[PDB]
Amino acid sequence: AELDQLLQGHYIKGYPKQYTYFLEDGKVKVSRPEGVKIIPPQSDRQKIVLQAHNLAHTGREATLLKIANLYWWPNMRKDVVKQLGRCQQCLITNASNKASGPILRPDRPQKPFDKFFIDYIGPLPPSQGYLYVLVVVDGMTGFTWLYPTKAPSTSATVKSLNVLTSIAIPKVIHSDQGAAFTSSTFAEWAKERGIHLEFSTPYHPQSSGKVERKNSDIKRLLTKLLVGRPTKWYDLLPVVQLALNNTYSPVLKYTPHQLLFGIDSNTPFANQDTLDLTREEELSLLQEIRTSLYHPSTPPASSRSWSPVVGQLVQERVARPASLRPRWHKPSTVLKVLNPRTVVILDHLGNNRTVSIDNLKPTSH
């Protein structure tokens, strides 16, 4: 219909003049620098783009190079990109080519016992019947308590924490969404005590970086202390706990013990700088030391990052993807942007999920 006009030499928005358009084999053709190409009717173009894309589910250029072998028409990539955005399979299977924005560097908690970070390490090689370690880190000080468990369970956590909170009670405990902390038994244990439970976005251990980072150190220390020997870690936990708590952070110029108590215990190489200050003088030197501690800032954004915008289509990453199955969930909308790195989505379908952008990719096209 609209192709009729052309061979008759009249102009159409899109189809440049200077190229002659002719009829052969009942198809409309055009002579082009590249060669002689067929111009399909507009009603055929969607189907053509689809056939090209379907051969291997190729992206823009690779799909376009096929089509260009045989056809020409105005704004081919515009049509190519339309299919790509409607290909359910390409959408849920392709990798992202855009990085998350720069990580945040959440404020150090103001005082000890404000926030506890907690996690289980393990399974470890059996020691005295024990397989796991409960690791509890005070956010402010880095002070760490270690408890050996037989399983990463609520009951083990509750037993361990009743021992710890027999010394002080935290305002907040932060954990990942592991079974042991998301149980309602744990919630009640916390509500009994006025502790607030705060969980990391699913499958994002960066959010528990304080503890995860501490797990590294524990494991590294156990490793060294166990070279040559059979892995009898159970007896070493106390030693490790003590050793780590009294270890200097080169950047802070303090040990966790120091930050918690403002004086050293009777341990090797104990610092004596405050021997002449009264406890009170010492304790306000401490209040001053705590508020003045180095705080890192967020890094530059990488050249090609994205940040989440309310109303944007994003896709959540598939957690435990079976073999030969899509790494991505179907598209969902950003409902709220909590901070530039955490987001609420209306998912599958439809419940609210609070989600890390690292487990998101923006839907392309």
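Think of the rigid core as the biggest set of C-alphas that the two forms share within 1.5 Å after superposition. Note that residue numbering follows the sequence shown and begins at 1.
K.L.:
Between 355-363 and 1-9, where do the CA atoms move more in 8 other deposited structures of this protein, taking the root mean square over the structures and residues after a core fit?
P.N.:
After superposing on the rigid core, the more displaced stretch in 8 other deposited structures of this protein is 1-9.
K.L.:
Which is higher on average in the deposited entry, the C-alpha temperature factors of 93-101 or of 286-294?
P.N.:
For C-alpha atoms only, the mean B-factor is higher in 286-294.
K.L.:
Which is higher on mean Cα B factor in this entry, 340-348 or 10-18?
P.N.:
If you average the C-alpha B-factors of 10-18 and of 340-348, the larger mean comes out for 10-18.
K.L.:
Between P126, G142, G209, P238, let me know which has the highest C-alpha B-factor in the entry?
P.N.:
By C-alpha B-factor in the record, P126 ranks first.
K.L.:
Quick one: which of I67, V28, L55, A62 shows the highest Cα temperature factor in the PDB entry?
P.N.:
Among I67, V28, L55, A62, the highest C-alpha B-factor in the entry belongs to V28.
K.L.:
Would you please rank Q5 by its C-alpha temperature factor against the other modelled residues of its chain and give the third it falls in: lowest, middle or highest?
P.N.:
Highest third.
K.L.:
Which third, lowest, middle or highest, does the C-alpha temperature factor of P205 belong to within its own chain?
P.N.:
Lowest third, going by the recorded CA B-factors of the chain.
K.L.:
Per the entry's values, where does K111 land by CA temperature factor relative to the rest of its chain, in the lowest, middle or highest third?
P.N.:
Middle third.
K.L.:
Report the third (lowest, middle or highest) to which the CA temperature factor of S183 belongs, ranking only the modelled residues of the same chain.
P.N.:
For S183, whose C-alpha B-factor we compare with every modelled residue in the chain, the answer is the highest third.
K.L.:
What third of the chain does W189 rank in for C-alpha temperature factor, lowest, middle or highest?
P.N.:
According to the entry, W189 has a C-alpha B-factor in the chain's highest third.
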